[PDB]
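As a starting point, one isolated chain is supplied in structure tokens, in the form deposited in one PDB entry.
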């Protein structure tokens, strides 16, 4: 039967618990947060409403050890056990000694690591296991796990423990979710037991699938690096953002006024119906869809489709980038600057990492606005700044997905091109626009990039037609030419589809599996979609494995040369100038670090060396390093 042992109710029970805890190689913890320096627990960063009041420990069966973190006010607190004494014994059991294998199981490890550091001043220092990450590893296309879905799939006999605990069907940890009428003590105790027992079953399934080395050496260390990134945040200049906003808003106003004069009346730029009425019924243009590709053709015939396209581009930068950044920015009183603290998301189809609240990966590339015939550069990335005196360092793998595709297809032509040829997207753009490499603008090089990856990942003549502005038959010939030039690639496509049809899955370089049962489907679309996912998952998933390994290996190196704090949070949670490199953003083939002036040479060497050594392929993994006063103004830096 379910029991909660209140270890802080008696000095003698406490020491017996501490002695037993110090013997464990494996245990679960769950933090207890409730709604309201205080006597009744630790304030949480961002919420004036909720407290960490305790945590629960489990190391087997249906026994939860509830460890209170309240000064005053289950049996009561033994007053000889001061909060300072409890905090000592807590930090002691949660930090590694020398040559001591210890694993802690935490549902939503990242969120718990941060609350323990920032709220309680405790830095977890053991091997971590998150059953959310184990679920992902067993089926990456599964829905995001909840405590309820984990217990349903892996511990179904304990579903009754979750009866009347409706927040177990939300994403957030049951212990962390103070939006319940159940006590933090009960919620954390139930979670501790469900997660410890669930993780035993998830460990057995990882072992059967041969994914346990991936889980311990790549995925959970990757989660630890993402915890440091989320504690670091990324520096943000509200002033740079506002001045860009005002230029963009002035251009939106002039576009609206000119659109409405051409239309003859007001219309909503957000209503496809209104735009269709104006373009096709009122202006009688040739066609009813109002997509990017339609308006891109029609801008050659009338000014209004071009205005529509620019309206959507600029409205996007204002409503989906400026508004959320201004809303989410947060004063860091130590660094003396504003930062943004995005949330990492590792539950993805191919093992990429993305961000939410807000998704900083989607900050526009540089673009141009013309007003009264004067051009203004809008560089939204220029609003992302290092701490005063610091630099932004970006290190990007050159053509990582192409290098992996060369390696797996042994294509001798693609290997030559990458080894000593110029930019392949420039070669494509040059041949296409009847020019030499040098004239290519950013927007044209991106068009060529879309063409090259598009063709490789199974894009058809109809779509290539629209992108290249040529007839299907002309696009179809261009695909044949491309496929003929790189015959190794085409053999690897057919060999990957054959092997997927047989097995029901594809595998990345590290052994992660994606299940594609659409591959057997009789429906031509679903079959072809699965075949395209089969090819793309192997290459894109492999690239995401290499970047994770790089990230983990850089973090180990930074912490050896680490006289000083592993994140900005390790200074917050502490309560001597800034030294070292701070992981601030991942961009799929590119890592951004914020680096102290004195450390930029050494951190640049470490980052480049570790990214180039991540794995050994048939081809060299080339890395370009850039450095600058903002994400928007990065300059080449020879390392």
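Numbering follows the first chain given and starts at 1.
Chemist: From residue 36 to residue 37, how many deposited residues does the entry skip: none, 1 to 3, 4 to 9, or 10 or more?
Modeler: 10 or more residues are missing.
Chemist: Counting only residues that lack coordinates, how big is the gap in the deposited sequence between residue 164 and residue 165? Pick none, 1 to 3, 4 to 9 or 10 or more.
Modeler: In the deposited sequence, nothing is left without coordinates between these two.
Chemist: Look up the CA B-factors in the entry and say which stretch, 290 to 298 or 224 to 232, has the higher mean.
Modeler: Per the PDB entry, the higher value belongs to 290 to 298.
Chemist: Taking the mean of the C-alpha B-factors per stretch from the entry, tell me the winner out of 512 to 520 and 473 to 481.
Modeler: It is 473 to 481 that shows the higher mean C-alpha B-factor.
Chemist: Whose C-alpha has the highest temperature factor in the PDB entry: 184, 351, 156, 488?
Modeler: By C-alpha B-factor in the record, 488 ranks first.
Chemist: Whose CA atom has the top B-factor in the entry, of 216, 403, 433, 251?
Modeler: Highest C-alpha B-factor among the listed options: 433.
Chemist: Taking the C-alpha B-factors as the PDB entry records them, is residue 620 in the lowest, middle or highest third of its chain?
Modeler: According to the entry, residue 620 has a C-alpha B-factor in the chain's highest third.
Chemist: Taking the entry's C-alpha B-factors for this chain, is residue 574 in the lowest, middle or highest third?
Modeler: Tercile = highest for this residue's CA B-factor.
Chemist: Looking at the entry's B-factor column for C-alpha atoms only, identify whether residue 84 ranks in the lowest, middle or highest third of its chain.
Modeler: Its C-alpha B-factor belongs to the middle third of this chain's values.
Chemist: Test of reading the entry: by CA B factor among the chain's modelled residues, which third contains residue 559?
Modeler: Within its chain, residue 559 is a middle-third residue by C-alpha B-factor, going by the deposited values.
Chemist: Which third of the chain does residue 75 land in by C-alpha B-factor: lowest, middle or highest?
Modeler: Within its chain, residue 75 is a highest-third residue by C-alpha B-factor, going by the deposited values.
Form solved in complex with a small molecule: not shown, discussed below.
Chemist: Within 4.5 Å of the small molecule in the bound PDB entry, do 417, 468 and 478 each have at least one heavy atom?
Modeler: Yes, because 417, 468 and 478 each have a heavy atom that approaches the small molecule to within 4.5 Å in the bound PDB entry.
Chemist: Would residue 343 count as touching the small molecule in the bound PDB entry under a 4.5 Å heavy atom rule?
Modeler: No.
Chemist: Hey, in the bound PDB entry, is residue 515 touching the small molecule, heavy atoms inside 4.5 Å?
Modeler: No - in the bound PDB entry, heavy atoms of residue 515 and the small molecule never come within 4.5 Å of each other.
Chemist: Please check if residue 485 has a heavy atom lying within 4.5 Å of any heavy atom of the small molecule in the bound PDB entry.
Modeler: Yes.
Chemist: Counting only non-hydrogen atoms and a 4.5 angstroms cut-off, does residue 431 reach the small molecule in the bound PDB entry?
Modeler: Residue-level check for residue 431: yes, a contact with the small molecule.
Chemist: Which one, 456, 394, 178, 162, lies within 4.5 Å of the small molecule in the bound PDB entry by heavy atoms?
Modeler: Checked against the cut-off, the match is 456.
Chemist: Considering 528, 102, 452, 87, which brings a non-hydrogen atom within 4.5 Å of the small molecule in the bound PDB entry?
Modeler: By the 4.5 Å criterion, the partner-contacting residue is 452.
Chemist: Can you check 485 to 493, 87 to 95, 133 to 141, 307 to 315 and let me know which stretch has heavy atoms within 4.5 Å of the small molecule in the bound PDB entry?
Modeler: Partner-contacting stretch among the options: 485 to 493.
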